[PDB]
Amino acid sequence: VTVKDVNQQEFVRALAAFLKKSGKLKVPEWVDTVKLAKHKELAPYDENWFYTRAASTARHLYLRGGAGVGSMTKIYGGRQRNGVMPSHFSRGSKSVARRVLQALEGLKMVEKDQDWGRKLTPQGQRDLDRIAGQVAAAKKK
Amino acid sequence: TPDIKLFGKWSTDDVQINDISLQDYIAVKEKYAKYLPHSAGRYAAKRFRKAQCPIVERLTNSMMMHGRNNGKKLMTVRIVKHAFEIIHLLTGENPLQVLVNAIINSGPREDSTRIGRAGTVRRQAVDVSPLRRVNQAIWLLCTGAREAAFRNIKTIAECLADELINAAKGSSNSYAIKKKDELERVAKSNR
Amino acid sequence: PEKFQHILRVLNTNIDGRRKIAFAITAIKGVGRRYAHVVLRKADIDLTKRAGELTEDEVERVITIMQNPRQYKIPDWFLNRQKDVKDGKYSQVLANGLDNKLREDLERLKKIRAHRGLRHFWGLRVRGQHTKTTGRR
Amino acid sequence: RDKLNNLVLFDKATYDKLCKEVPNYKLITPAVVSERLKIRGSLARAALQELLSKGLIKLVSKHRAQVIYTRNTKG
Amino acid sequence: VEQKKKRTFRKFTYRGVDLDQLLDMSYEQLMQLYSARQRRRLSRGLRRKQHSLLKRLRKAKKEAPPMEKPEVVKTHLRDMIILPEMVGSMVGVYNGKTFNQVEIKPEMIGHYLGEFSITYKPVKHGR
Amino acid sequence: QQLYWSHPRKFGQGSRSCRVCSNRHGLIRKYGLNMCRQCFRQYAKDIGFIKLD
RNA sequence: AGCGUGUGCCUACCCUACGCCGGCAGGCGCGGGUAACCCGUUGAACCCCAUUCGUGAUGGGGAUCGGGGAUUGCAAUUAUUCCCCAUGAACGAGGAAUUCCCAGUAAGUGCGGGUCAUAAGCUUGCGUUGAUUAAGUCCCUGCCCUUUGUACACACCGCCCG
């Protein structure tokens, strides 16, 4: 495994947990309260979820040259039920993603990229690749 | 895959349309085994062509009904793949054989048409073509499974298996079997 | 596993116990779903269960949070009554007390004789909507 | 009709019913457990995942949408 | 309206703030609190311009005897926001054809003049 | 001089017309043409808008 | 993913990536772009999926109303609109009737353009996912083909007896 080698769900699942063990990520004190998207029906069932998003994002950046919060809000953004009106896109929160981006920096997984947008760092690039291997290794099944 | 072209994982060979005449708008694969109940499929242009279409897929298509469910083939393919698995658990066999059997057993042989009849319009007993027999059967079973599934906890894959199995050996438990007997009973009077 | 309660009361409403807590709570006037969902998360409960389950302990704990939400990392924007006016509150009205304040507010602008008030009094509409074709029955 | 009311918490005796029955059925899903007992559906679920323990029941597909379980692994 | 009890006795706090306190700031410090729509209107209104009106209010507040109500002050500014400076005055509030006359109680605060002069007429189905 | 005589004209239907005919209704504002539809129908040949399909 | 779109404009003004603050709504600082250069490998949405729910108008549904946050505008009160909470309706499949339709077609599903300061439940295309079903005929309906009848000819929505 390149991270590209591992399936997205298991990769994210494994990394997100690894982050949880590490114990040092950092977390707008909120996260209990927050929905994550105006579109959103209820907050996240796994109140633990902050880690999962972080993993998801780290993987998301590693794939691509550089990305920023607006893109993430939309990615997270689902369809919002206008009620009487037909449903439409609504890019998902900007505080969570930003905080995610800021926090990741602390670990050095990602760093400000040139010309705007955060890019993965070689430190992160190394870190993701390492867990990617661990996941591949676990088993067949 | 290279040895024999099985179904999701089921063999086309050795399934025999146990019913002369029907033979052949039920399309298994007197060579045609594939892999998946999904295809680009252009059946519509010609009147006949539909017969070519694998019966499995034909059944899958009928599955995606009701305005909301239109165009959800992926959903149907998923349901069909599950149903075959449930059917198999229930009787071994080829669930595809089970499917074929239900289809053979359900097509109304005889039917009725609303002949003008002057006034008190009476209805004329007429025999029914094999294309119709196939077409009608697949509806009946699908409408049967869909109707049952709707207010119950049970899933379409399950209700489909139940409709298919009961029909394969015509239990008459099935909605479809009861419907077919009703249509036929009507055909006989009138005459 | 275990059992008990069916049928528990919190502050002046009867709450079906069979039901899931988050949903179970939402009988209480002023507890909508987004509410009750966040209150419970605050209140430490295994989210995974039925209102009929849980302890008398956890219950007071839900109520305590429910009527002092601000004091528990619940933001004000989550709240029913921001900016009171009469006291310049923030607040989150609850239970029988929502019907109450609803009455107040309607009275307020009926005293003042404002057109909205008048509308409520005749039992028409107060947002700008056309009244020619609908709300007829 | 069809009004369904469900026992939503374990009653001992209903715990016994579960392990001393379900080996009876060839098909078990959420619905089966619900109809044949009077299980919540929510507490059906938890009984399925538990049953798959080291199984009374055996997985043949748990499609997101659906578990589909068979009888245990007898003769 | 000056001394122990005399007149006073209707109270009303706006936003935790008291009318004693209310009546003593600057409209500035009032809109600061909470109201948000009214405050933006006055800021943007601004430059502001119902200037003369506000002087017409104080004027007739003066000339009013010493006990009661007095004469009133007319206007077409439906979009005006009631602020403590106004309270106790009497406003002729136009609706299209009529000027409805309204004393502004402290409760109204933050509301728009238009909300107290109904334009339309209830209506009729039977009658 | 007559301070009297105008209220905002910056935006809305009232801020624009037909360069051809004054009409403040059914106005084509795309590509900066600013012709009312009725006129644009009559002048679309001389502007260079031709029927193809 | 695709049709399309933009400022530097007949007279006031653009599309906006990216940092920060805010739960949101949004606020704020930048910097490019007369564009096949930039927004935008339009990283859309259905969908697919690992969970929860469990057949309860319930978590289906989102009406009505209350309070509150913000955006457009000089001015929004008669809600321009948006959000946040709360209040959480009818509706559990639709009688008499009746529209439209043959292959990327019906249907689901998002997007962009027009309106536009602000405002989409609209219209007007576009791609995406994509069936069932006649494969014909003149019965009903509508219109034109002969032959035929006609006191009709403002033509049957027409002109005959007490």
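For chain B, we keep the numbers from Swiss-Prot: what you see runs 14-204, in order.
For all residues, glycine too, the Cβ spot is worked out from N, Cα and C.
As recorded in Swiss-Prot:
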MOD_RES   B:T14  phosphothreonine
MOD_RES   B:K47  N6-acetyllysine
CROSSLNK  B:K47  SUMO2 cross-link
MOD_RES   B:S142  phosphoserine
> Which one, from the modified residues B:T14, B:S142, has the smallest tally of other C-beta atoms lying within 10 Å of its C-beta?
Replying inline: B:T14
> In sequence order, what residues of the same chain, 6+ apart, have a Cβ less than 8 Å from the Cβ of B:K47 (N6-acetyllysine)?
Replying inline: B:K18, B:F20, B:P67
> Where B:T14 (phosphothreonine) and B:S142 (phosphoserine) are concerned, what is their Cα separation in Å, rounded?
Replying inline: 36
> Can you tell me the three-state DSSP label for the residue listed as 'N6-acetyllysine'?
Replying inline: coil
